[PDB]
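Novice: Got an experimental structure here, sequence first:
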Amino acid sequence: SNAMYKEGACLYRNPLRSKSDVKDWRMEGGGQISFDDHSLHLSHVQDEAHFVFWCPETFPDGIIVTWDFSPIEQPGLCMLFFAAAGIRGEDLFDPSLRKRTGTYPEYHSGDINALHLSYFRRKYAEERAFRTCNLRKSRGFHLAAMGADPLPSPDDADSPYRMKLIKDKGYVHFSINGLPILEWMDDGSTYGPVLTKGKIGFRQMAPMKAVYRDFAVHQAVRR
């Protein structure tokens, strides 16, 4: 449990402080972008305008992903997509893939594969009644792991929170403020081959309002 990993060379770092920082990012769905206080504010144009906002860079396998997160207003839900690519290995933005509009089934039951970890799952009463973070693997919407979510409701927040995700072949580990939340080891024969490289994206279920800062990707060094 909690195998030792160190961050290696920095592969990518985005402060997310101004519009120029998300210049080539791809917004799928009705997300609203703002940079008040020199930080990325993500909201929605309508109450059910769910979306996925993608970083355009293809990241390799064996990485540690970090970012600052601040839950500002609920109801809502957040989710990080990673190791995302076409089912045949196509670039997530290759024109040959079906168009996506932020509608969930397009991501878990479409023509792409990806790991997706939901946190601050507070969109529905059932979710707010038992707070957890869930890790799924698609295509297939397969539940891989879950753990309790220490994130409070906005009223009691002491933002931002330090999010850290490790992805190294079959291994996935997630922590918040250094506290391990969940971990998983894909054997590669239960829910298909192990996912490797791919895009990273930020999803929100409306009417979520959140702030993101200092998104970085480092090489994962296994000790």
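Specialist: Sure, I can see it. Numbering: from 1, shown residues only.

Novice: list the helices and strands the strand ranked longest in the chain packs on?
Specialist: Criterion DSSP state E: the longest strand present in the chain is strand 209-222. Applying 3 or more Cβ pairs under 8 Å, 6 or more residues apart in numbering; DSSP states H and E, one finds that strand 209-222 contacts strand 5-14, strand 40-44, strand 63-73, strand 76-86, strand 161-168, strand 199-205. C-beta coordinates here come from the backbone N, C-alpha and C atoms, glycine included.

Novice: separation between residue 86 and residue 172?
Specialist: To residue 172, residue 86 is 21 Å away according to Cβ to Cβ, to the nearest Å.

Novice: Same drill for those two, tell me which one is more crowded.
Specialist: Taking other Cβ atoms under 10 Å, residue 86 and residue 172 do not tie; residue 172 has more neighbours (23 against 18).

Novice: show me what contacts residue 120?
Specialist: When contacts are counted by Cβ atoms under 8 Å, 6 or more residues apart in numbering, residue 120 is found next to 69, 71, 74, 76-78, 149, 151, 208, 210.

Novice: Kindly apply the preceding question to residue 176 instead.
Specialist: 119, 149-151, 161-164.

Novice: Apply 10 Å and report the result again.
Specialist: Contacts for residue 176 (Cβ atoms under 10 Å, 6 or more residues apart in numbering) come out as 69, 119-120, 133, 147, 149-151, 161-164.

Novice: The nearest residue to residue 46 once chain neighbours are set aside and residue 112, how far apart?
Specialist: Nearest non-adjacent residue to residue 46, counting by Cβ to Cβ, 6 or more residues apart in numbering: residue 30, 5.8 Å away. Look at residue 30 and residue 112: by Cβ to Cβ, they are 20 Å apart.

Novice: who has more neighbours, these two?
Specialist: Neighbour tally, residue 30 and residue 112, criterion other Cβ under 10 Å: the higher count belongs to residue 112, 23 against 17.

Novice: count of neighbours near the nearest residue to residue 195 once chain neighbours are set aside?
Specialist: Nearest-residue entry for residue 195: residue 83, 4.1 Å, with adjacent residues in sequence omitted and distances by Cβ to Cβ, 6+ apart. By other Cβ under 10 Å, the residues close to residue 83 number 22.

Novice: Settle this for me: residue 83 is touching residue 167, isn't it.
Specialist: Yes - Residue 83 is within contact range of residue 167, at 6.2 Å (criterion: Cβ atoms under 10 Å).
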